[PDB]
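Visitor:
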Amino acid sequence: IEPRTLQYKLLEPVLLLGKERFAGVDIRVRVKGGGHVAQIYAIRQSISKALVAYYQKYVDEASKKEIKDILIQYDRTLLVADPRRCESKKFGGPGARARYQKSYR
Amino acid sequence: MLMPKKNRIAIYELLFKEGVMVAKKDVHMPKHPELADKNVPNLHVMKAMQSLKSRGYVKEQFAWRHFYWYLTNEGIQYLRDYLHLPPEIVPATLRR
Amino acid sequence: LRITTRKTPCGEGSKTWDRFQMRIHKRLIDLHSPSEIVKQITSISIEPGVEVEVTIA
Amino acid sequence: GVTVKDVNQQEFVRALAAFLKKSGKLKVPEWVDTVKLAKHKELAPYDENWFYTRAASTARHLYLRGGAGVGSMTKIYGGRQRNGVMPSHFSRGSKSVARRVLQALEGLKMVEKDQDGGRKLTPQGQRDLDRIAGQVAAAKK
Amino acid sequence: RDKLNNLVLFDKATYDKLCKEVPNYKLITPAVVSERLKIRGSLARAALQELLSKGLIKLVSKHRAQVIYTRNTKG
Amino acid sequence: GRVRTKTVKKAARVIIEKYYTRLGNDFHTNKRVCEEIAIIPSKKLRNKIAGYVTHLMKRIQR
Amino acid sequence: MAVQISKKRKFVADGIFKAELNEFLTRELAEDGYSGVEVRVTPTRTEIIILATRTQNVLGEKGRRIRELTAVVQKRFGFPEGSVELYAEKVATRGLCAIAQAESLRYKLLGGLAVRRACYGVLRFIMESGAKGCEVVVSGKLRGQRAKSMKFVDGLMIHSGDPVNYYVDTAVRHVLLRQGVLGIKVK
Amino acid sequence: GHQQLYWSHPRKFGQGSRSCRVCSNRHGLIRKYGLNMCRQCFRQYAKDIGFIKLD
RNA sequence: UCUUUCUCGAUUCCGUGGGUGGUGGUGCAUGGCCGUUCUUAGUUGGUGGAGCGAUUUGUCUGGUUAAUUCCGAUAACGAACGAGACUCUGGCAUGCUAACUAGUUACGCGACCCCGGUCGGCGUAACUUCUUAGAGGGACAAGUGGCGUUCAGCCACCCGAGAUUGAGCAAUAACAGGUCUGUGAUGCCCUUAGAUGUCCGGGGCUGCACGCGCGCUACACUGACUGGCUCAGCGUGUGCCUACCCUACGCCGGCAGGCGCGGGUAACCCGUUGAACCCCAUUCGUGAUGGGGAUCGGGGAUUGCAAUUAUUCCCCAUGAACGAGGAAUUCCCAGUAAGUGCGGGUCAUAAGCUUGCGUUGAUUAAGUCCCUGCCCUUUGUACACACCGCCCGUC
RNA sequence: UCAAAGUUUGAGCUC
Ligand SMILES: [Mg+2]
Ligand SMILES: [Mg+2]
Ligand SMILES: [Mg+2]
Ligand SMILES: [Mg+2]
Ligand SMILES: [Mg+2]
Ligand SMILES: [Mg+2]
Ligand SMILES: [Mg+2]
Ligand SMILES: [Mg+2]
Ligand SMILES: [Mg+2]
Ligand SMILES: [Mg+2]
Ligand SMILES: [Mg+2]
Ligand SMILES: [Mg+2]
Ligand SMILES: [Mg+2]
Ligand SMILES: [Zn+2]
Numbered sequence: 056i057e058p059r060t061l062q063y064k065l066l067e068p069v070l071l072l073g074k075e076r077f078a079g080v081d082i083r084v085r086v087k088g089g090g091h092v093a094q095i096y097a098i099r100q101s102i103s104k105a106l107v108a109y110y111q112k113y114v115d116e117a118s119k120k121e122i123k124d125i126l127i128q129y130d131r132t133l134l135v136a137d138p139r140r141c142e143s144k145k146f147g148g149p150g151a152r153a154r155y156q157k158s159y160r
Numbered sequence: 007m008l009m010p011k012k013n014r015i016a017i018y019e020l021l022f023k024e025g026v027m028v029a030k031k032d033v034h035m036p037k038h039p040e041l042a043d044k045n046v047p048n049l050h051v052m053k054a055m056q057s058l059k060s061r062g063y064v065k066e067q068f069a070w071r072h073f074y075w076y077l078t079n080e081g082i083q084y085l086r087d088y089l090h091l092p093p094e095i096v097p098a099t100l101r102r
Numbered sequence: 004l005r006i007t008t009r010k011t012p013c014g015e016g017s018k019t020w021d022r023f024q025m026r027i028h029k030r031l032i033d034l035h036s037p038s039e040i041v042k043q044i045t046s047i048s049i050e051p052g053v054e055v056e057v058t059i060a
Numbered sequence: 111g112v113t114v115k116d117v118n119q120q121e122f123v124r125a126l127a128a129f130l131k132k133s134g135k136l137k138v139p140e141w142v143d144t145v146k147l148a149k150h151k152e153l154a155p156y157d158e159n160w161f162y163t164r165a166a167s168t169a170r171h172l173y174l175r176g177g178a179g180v181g182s183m184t185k186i187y188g189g190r191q192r193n194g195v196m197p198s199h200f201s202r203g204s205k206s207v208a209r210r211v212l213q214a215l216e217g218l219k220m221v222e223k224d225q226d227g228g229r230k231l232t233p234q235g236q237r238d239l240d241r242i243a244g245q246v247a248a249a250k251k
Numbered sequence: 002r003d004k005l006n007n008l009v010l011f012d013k014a015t016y017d018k019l020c021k022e023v024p025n026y027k028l029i030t031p032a033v034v035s036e037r038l039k040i041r042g043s044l045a046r047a048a049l050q051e052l053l054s055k056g057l058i059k060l061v062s063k064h065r066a067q068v069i070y071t072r073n074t075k076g
Numbered sequence: 261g262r263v264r265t266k267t268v269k270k271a272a273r274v275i276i277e278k279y280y281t282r283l284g285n286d287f288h289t290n291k292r293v294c295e296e297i298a299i300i301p302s303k304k305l306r307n308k309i310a311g312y313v314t315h316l317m318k319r320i321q322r
Numbered sequence: 003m004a005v006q007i008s009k010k011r012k013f014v015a016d017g018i019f020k021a022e023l024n025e026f027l028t029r030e031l032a033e034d035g036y037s038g039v040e041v042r043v044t045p046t047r048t049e050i051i052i053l054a055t056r057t058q059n060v061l062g063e064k065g066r067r068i069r070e071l072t073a074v075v076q077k078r079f080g081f082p083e084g085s086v087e088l089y090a091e092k093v094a095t096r097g098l099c100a101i102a103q104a105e106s107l108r109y110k111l112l113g114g115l116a117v118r119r120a121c122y123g124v125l126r127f128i129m130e131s132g133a134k135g136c137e138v139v140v141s142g143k144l145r146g147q148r149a150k151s152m153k154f155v156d157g158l159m160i161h162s163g164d165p166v167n168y169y170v171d172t173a174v175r176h177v178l179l180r181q182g183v184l185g186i187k188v189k
Numbered sequence: 043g044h045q046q047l048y049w050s051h052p053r054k055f056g057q058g059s060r061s062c063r064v065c066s067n068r069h070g071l072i073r074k075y076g077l078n079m080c081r082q083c084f085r086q087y088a089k090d091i092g093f094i095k096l097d
C-alpha cells in the first residue's frame with residue numbers, strides 16, 4: 056500500500072484495538088481533500104471511527120465504549136482532532152510572517 | 007481646424023438635432039464611438055466643439071477622459087439662424 | 004474574482020497590497036408551463052441587483 | 111485476480127517490457143535510440159528499451175483513466191523543469207516521444223480510439239493487464 | 002582539505018581478501034566497504050550485488066538512495 | 261481571554277438587578293429567559309450576557 | 003443571444019459604466035447641488051436617479067437640464083431611445099449628503115463666507131435635521147504658505163470597521179480658490 | 043498628406059498600446075474581463091465596480 | 001521649399017486682443033496616497049472641585065483583566081473615541097426551504113476472473129443522506145477545586161465536536177523620508193511661431209575600472225542522476241473600440257511549432273481542476289562531483305513595426321568562486337518556522353516583477369524585560385527647531 | 001560591592 060513508508064502509522068490503531076474487533080468488517084475508505092500525508096493521517100482516524108460507529112450503531116453500545124476507552128487509554132490524538140492547517144503567505148514580505156525586509160544601507 | 011463645408015453644415019445640424027452633446031476627450035481616435043456612422047474623427051469633433059465653447063455655445067464638464075457639453079438656447083437659436091430653418095421644427099430634446 | 008492593487012501615488016511610500024474578492028451568484032429556475040403564464044409571474048417581483056435571463060425552450 | 115493497483119510498480123515495468131518484447135510486435139520507432147525523454151531532460155532513459163516502459167505507463171494510465179490523449183498524458187506526466195538559478199516550473203513531456211508511444215500502442219492492439227474521442231483499453235489490453243498482473247503477482251508472492 | 006582517492010577495481014589478492022573478510026562485517030554497505038578499502042561506492046554496490054550473485058550476503062534493505070546488506074543472520 | 265466588557269457587565273447587573281427572580285445559575289436555561297425578555301441581536305452577545313448573568317446570579321445566591 | 007458574451011466579461015463592463023456615471027454626475031451637479039446617483043438597472047428601462055435635496059431648484063428651467071441629462075446618458079452609453087430615464091429624487095437626510103451639502107459649502111467657501119462659521123452653520127442645519135456626527139477635515143494652506151488644517155468635529159463618531167461603509171458618508175474634493183487649491187476630506 | 047502622418051506609429055500591444063480610459067495611463071491596466079484600468083483608478087473605483095474587502 | 005497650376009467656399013491660415021498648450025521647476029508651495037512608531041492599550045470634551053495663571057483632579061496605592069478589561073478604594077460625576085463590538089469566513093445542525101447544468105438508494109443484466117467482484121457499458125422510481133445555498137437555529141466559563149469582599153475572576157485540572165477559527169477595518173499624533181514620474185491630479189512663477197509647444201524616427205533608462213541593499217544559485221549520498229507510481233488548492237476560457245478564447249478527439253518536429261473533425265460564452269465543453277512531494281528498483285559515489293549553472297561562440301525557432309543594452313524558446317559546448325558560513329544580520333511558538341512545487345494580475349514570447357495557491361512538517365518558552373525596543377510611575381534637567389542636544393577653552 | 005559610551009548639510013524650524 057503506497058506510500059509504504061507510512062504503513063506502521065496506519066497499523067498503530069489496528070494493533071491497538073486488535074484484529075478481533077475488525078475481523079467481522081471489511082472496509083473500503085474513500086479519501087479526498089488535503090494532501091497525501093494529511094489524507095493518510097485522516098484515513099487512520101476514519102476507519103477507527105467507522106468501526107466504533109458500527110458497534111455503537113448496529114449492535115449493543117458496550118462494544119463501542121470498550122473500544123473507545125481502549126483508544127482513550129492509549130492515545131488522545133485519535134479523538135482530539137488536529138485542527139492544524141497550512142498558513143498562507145502574506146503580502147508585505149518575501150516569506151510567510153515577515154513584513155517587508157527593512158534594509159539599512 | 008480644416009473642416010469640409012459639408013461638415014460645418016452637417017455638424018451644426020448635428021448640434022441642432024440633438025441639443026446636447028457628449029464626447030470622449032481622446033486625441034488618438036480614428037473614429038468617434040457614439041457617432042460612428044460618420045467618420046468625423048473625435049479630434050474633429052473635439053476641436054470644433056472646443057471652438058464652439060470658446061465662443062460661448064457649449065457648457066463644459068470633464069470626466070475621466072471625456073468632455074460633456076450642454077448646448078444653450080443661444081446655441082439652438084444660432085443653429086436655426088444659420089440653417090434658415092423655421093421656428094416650428096425643433097431638436098428631439100426641444101420637441102415633445 | 005480576485006484583484007491586488009497598491010495604495011501609493013509614487014513609488015516611494017510603503018508597497019501596500021489589497022486582497023480584493025468579488026463573488027457572483029447564480030440561481031436558476033426551470034418551469035414546465037405555457038409561456039404567457041410564466042410571463043405573468045416573471046414581470047412582477049424583481050429588484051435592481053437581480054438579473055433574470057429566461058431561455059424559452 | 112490481480113491488477114495494477116495490486117502490483118508493486120517498479121518490477122511491473124520490467125516484467126511488462128519483457129512481456130512486450132516477447133510479443134515483439136509493437137513496431138518500435140526508428141528514433142528510439144536518438145531521442146531524449148524531454149527537452150527539459152538531460153540524459154536518455156535508464157531502461158534500454160525505454161520506449162516499451164512508457165508504452166506500459168501510458169497504457170496503464172489509460173486503464174487508470176481512459177480518454178488520455180497526448181496532452182493529457184503529458185500533464186499527468188509533467189514535473190519540475192529544475193531551472194537552476196531561475197525559479198522552477200511545470201514541464202510537459204516531449205511530444206514526439208509521447209505521441210509515438212501512444213501511436214505504438216494504438217498500432218499493436220493495446221489501446222483504442224473510442225467513439226466520441228479518447229482512448230479506451232481494448233479487450234486484448236485488459237487481457238494483457240491482468241495476465242501480466244498475475245505474472246508479477248506471482249513474482250512478488 | 003580532505004579527499005577520497007578510491008580504487009576502481011579489486012586486485013586478485015584483494016579478491017581473496019574480500020572472499021575472506023567482507024562477509025565477516027555485520028554492516029555490509031557499499032559505502033562501508035568504500036571507506037575501509039578506499040573504493041568507490043558505486044562499484045561497491047556492484048560488489049555487494051556480486052556477493053549476492055555468488056550467493057554470499059543477505060539483503061536487509063536496499064533502496065534507491067541507501068542500501069544495506071549483511072552477511073546472512075549469524076545464528 | 262474570555263473577559264466581560266462594560267457593555268457585558270452593565271447588562272448583567274441590569275438583568276440580575278431588575279429580574280433577580282427570573283434569572284438563575286445555569287446558562288442555557290436562563291438564556292431562554294434572556295432571549296425572551298431581552299431582544300439581543302447577536303447570539304454571541306446573548307450567550308455572553310447569559311453566562312455572566314448566570315455566574316452573577318450564583319454570586320448573589322451565595 | 004448571438005453575441006453570446008461571457009458572465010465574467012459582462013459584469014466588469016457593468017462596473018466600468020457604474021464608475022463613469024458616478025464621476026459624471028458628480029461633475030454635473032456641482033453647480034446644481036449634486037447628491038449622488040442611483041442607477042436602478044431594471045429590465046429594459048434603466049432608472050437613473052439624480053439625488054438632491056431641493057430637487058425643483060436643482061432642476062432649474064422647466065426640466066431643461068434633466069432632458070439634456072437623459073439625452074446625454076443615452077448618447078454616450080448607447081441606450082435604446084428612451085431606454086434610460088433620469089429622475090431627480092429627494093435626498094434622505096438632506097444635510098448629510100456631504101458632496102451635495104459639503105460641495106455646495108465648498109462653493110460657498112469659494113464665494114467667500116468664512117470657513118469656520120459656514121461649516122458650523124451647515125453642521126448646525128443638518129444637526130437640526132438630526133445627524134449623529136462628523137469629523138470634517140479640510141486641508142491646505144490658509145492665511146499663509148504653511149499647510150494649516152481646519153477640523154470641524156462634533157457628536158459621537160466612529161471610524162473603523164465595515165459598518166462605517168453604510169454609516170459614514172465620505173468625500174474627497176479639490177477646490178480651485180483665488181489663492182490656490184484646497185483639499186477636502188469629508189468623513 | 044497629414045492623414046498619412048498624424049498617427050502613423052504602430053500601437054499594437056502592451057500597456058503602452060492600450061491605456062486606461064480614465065487615466066490614458068499605462069500603469070496597472072486591469073485587462074482581465076476587459077476592465078482596462080490602472081491600479082490607481084481601480085483602487086479609486088473598486089467600491090463602485092463592486093469589489094469588496096472580504097478578506 | 002521652387003517653377004507650376006487645380007478643388008471645396010468662408011469655415012479657416014497669419015497678425016493683434018486674449019486665451020490656450022507645456023511628462024517645465026518646485027510634492028521642501030499644494031490636495032490626495034504609504035510605511036514605521038504601533039498590533040501595542042491608549043486618548044479626549046462637558047459640569048463641578050483645586051490653582052492669580054500656565055494647568056491639574058477626572059484618567060487611582062491596590063485587586064482585576066489578553067485589554068485604560070473590569071472591580072472596588074475614593075473630591076469627584078457623566079460621557080467619547082479606540083480595543084471590543086460589527087461585517088465576512090471555518091465549524092453544530094442527516095433539522096426548515098429545496099434541485100436532469102447535482103446526484104441518490106433498492107436491483108438487474110453484459111465481457112472476463114475464481115454466485116459474485118469490476119466498468120465514466122445499459123435500464124427500473126422517488127428523494128435530498130451526500131451536493132449546491134437561502135432563511136432560521138447553534139456555546140455559554142457549561143463543571144469543579146484552591147485564591148478573592150468567596151465579588152471580578154486567575155491558575156491548574158476536569159467536562160466537551162467546538163472553552164481563542166481566521167481575517168477586514170483599525171485611536172490621537174508625527175517624519176518636514178516620499179509622491180507635480182498616472183492623467184486636461186495641480187497651485188504659483190515662466191514659456192508659446194525667428195517657439196522652451198507639438199509631430200515623425202532614433203536614443204538613455206540596460207552606456208562601466210569600482211560598491212552596496214532586496215534577490216537567484218551552491219558547497220552534495222538525509223542526496224543527485226534515470227525510469228514508474230500519486231491526493232490538491234489557487235485558477236481560465238473567443239473582449240464595444242481591440243488585433244490574441246478554453247479546449248475534447250486522430251496524425252507531424254528534441255524543441256519553437258504543422259493537418260482532420262467536436263464540446264463549451266460554461267456545474268453542460270476546458271475539467272475527475274489529469275501539481276509536486278510521497279512510494280518502488282537502478283544508476284551515481286564523497287569528487288570543485290551528474291554538486292553550482294553565472295558568462296558566451298556558432299546555429300535553429302517563435303514574440304514583435306522595430307531589441308546593438310543578447311525579444312523569447314530551442315540545439316551542442318567552455319564551466320568562476322563556493323568542501324555548510326568570521327565580527328555582523330534577516331526569519332520563527334503550531335500546522336508556525338523551514339523544504340517543495342502550483343496558479344493569478346500583468347499577459348505578443350509568459351513570471352525573471354509582484355501577489356497568491358496547495359503539499360511535507362519541527363525545536364523551543366507559559367518565563368522575563370538583561371539585550372533590543374516598547375508601555376506606565378517617580379525623579380533630575382542649563383534641552384524645547386527637543387542628545388542627531390546644549391555647551392567650554394587654547395591656538 | 002562601578003576601567004569606556006565622541007561627532008553629525010552652509011542648502012531654509014516657526015504664529
Ligand atoms: Mg506526476
Ligand atoms: Mg507643508
Ligand atoms: Mg468605532
Ligand atoms: Mg521643494
Ligand atoms: Mg473591535
Ligand atoms: Mg498632473
Ligand atoms: Mg517617428
Ligand atoms: Mg553520504
Ligand atoms: Mg552543471
Ligand atoms: Mg558545459
Ligand atoms: Mg535642582
Ligand atoms: Mg571614563
Ligand atoms: Mg554639517
Ligand atoms: Zn488612475
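Protein chains in written order, with our numbering: chain A, 56 to 160; chain B, 7 to 102; chain C, 4 to 60; chain D, 111 to 251; chain E, 2 to 76; chain F, 261 to 322; chain G, 3 to 189; chain H, 43 to 97. All residues carry an ideal CB built from backbone N, CA and C; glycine is no exception.
Could you tell me which chain B residues have their CB closer than 7 Å to the CB of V39/G, listed as they occur along the chain?
Guide: Translated into the one-based positions of the seventh sequence, residue 39/G becomes position 37. Neighbours of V39/G on chain B: none; closest Cβ ~12 Å, over 7 Å.
Visitor: Give the interface partners of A15/G over in chain H, defined as CB-CB distance under 7 Å, in chain order.
Guide: Residue 15/G sits at position 13 when you count from the first residue of the seventh sequence. Those are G76, listed as they occur along chain H.
Visitor: So, does the CB of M7/B fall closer than 8 Å to a CB anywhere in chain G?
Guide: Taking the first residue of the second sequence as position 1, residue 7/B is located at position 1. So no, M7/B is outside the interface.
Visitor: Are the CB atoms of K219/D and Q236/D nearer to each other than 8 Å?
Guide: Locating residue 219/D in the fourth sequence gives position 109, counting from the first residue. Locating residue 236/D in the fourth sequence gives position 126, counting from the first residue. Taking 8 Å as the Cβ cut-off, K219/D and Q236/D do not qualify as a contacting pair.
Visitor: Is the beta carbon of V64/H within less than 7 Å of some heavy atom of ligand 14?
Guide: One-based indexing of the eighth sequence puts residue 64/H at position 22. The answer is yes for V64/H.
Visitor: Looking at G177/D and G228/D, is the spacing between their C-beta atoms short of 8 Å?
Guide: The count along the fourth sequence starts at 1 and reaches residue 228/D at position 118. The count along the fourth sequence starts at 1 and reaches residue 177/D at position 67. Yes.
Visitor: Could you run through the region 4 to 21 of chain C and flag, in chain order, every residue whose CB is less than 9 Å away from some CB of chain A?
Guide: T7, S17, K18, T19, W20 and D21
Visitor: Buried or exposed: where does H38/B fall if 16 or more other Cβ atoms within 10 Å of its Cβ makes it buried?
Guide: Mapped onto the second sequence, residue 38/B falls at position 32. With 16 or more other Cβ atoms within 10 Å, it is buried.
Visitor: What are the boundary residues of the beta strand (DSSP E) that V28/B is part of?
Guide: Start at 1 with the first residue of the second sequence, and residue 28/B comes out as number 22. Boundaries of the beta strand (DSSP E) around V28/B: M27 to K30.
Visitor: Identify every run of the beta strand (DSSP E) within the region 60 to 130 of chain G, keeping only runs that are complete inside it and at least 3 residues long; order them along the chain.
Guide: 86 to 92
Visitor: Hey, how far is the Cα of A153/A from the Cα of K145/A?
Guide: By one-based count along the first sequence, residue 153/A stands at place 98. By one-based count along the first sequence, residue 145/A stands at place 90. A153/A and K145/A: Cα-Cα distance of roughly 8 Å.
Visitor: In the DSSP output, which residue or residues are listed as bridge partners for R229/D?
Guide: Here residue 229/D corresponds to residue number 119 of the fourth sequence, with the count starting at 1. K223/D.
Visitor: DSSP on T7/C, reduced to helix/strand/coil?
Guide: Taking the first residue of the third sequence as position 1, residue 7/C is located at position 4. Of the three classes helix, strand and coil, the one that applies to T7/C here is coil, per DSSP.
Visitor: Measure from the alpha carbon of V138/D to the alpha carbon of each residue in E152/D, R164/D and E121/D, then state which is nearest.
Guide: Along the fourth sequence, read from residue 1 onward, the residue named residue 138/D stands at position 28. Considering only alpha carbons, the answer is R164/D.
Visitor: May I have the straight-line CA-CA distance separating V93/G from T55/G, to the nearest angstrom?
Guide: To locate residue 93/G, count along the seventh sequence from 1; it is residue 91. To locate residue 55/G, count along the seventh sequence from 1; it is residue 53. Approximately 5 Å between the Cα atoms of the pair.
Visitor: In terms of residues, what are the limits of the beta strand (DSSP E) holding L53/G?
Guide: For the purposes of this step, residue 53/G is taken as the residue at position 51 of the seventh sequence. It spans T48 to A54 - the beta strand (DSSP E) in which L53/G sits, taken as one unbroken run.
Visitor: Going by DSSP, what residue range makes up the beta strand (DSSP E) through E137/G?
Guide: On the seventh sequence, residue 137/G is found 135 positions in, with the first residue counted as 1. Taken as a continuous stretch (DSSP letters only), the beta strand (DSSP E) holding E137/G covers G135 to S141.
Visitor: Just reading off the beta strand (DSSP E) that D156/G is part of, what are its end residues?
Guide: Along the seventh sequence, one-based indexing puts residue 156/G at 154. Looking at the DSSP string, the run of the beta strand (DSSP E) that includes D156/G is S151 to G157.
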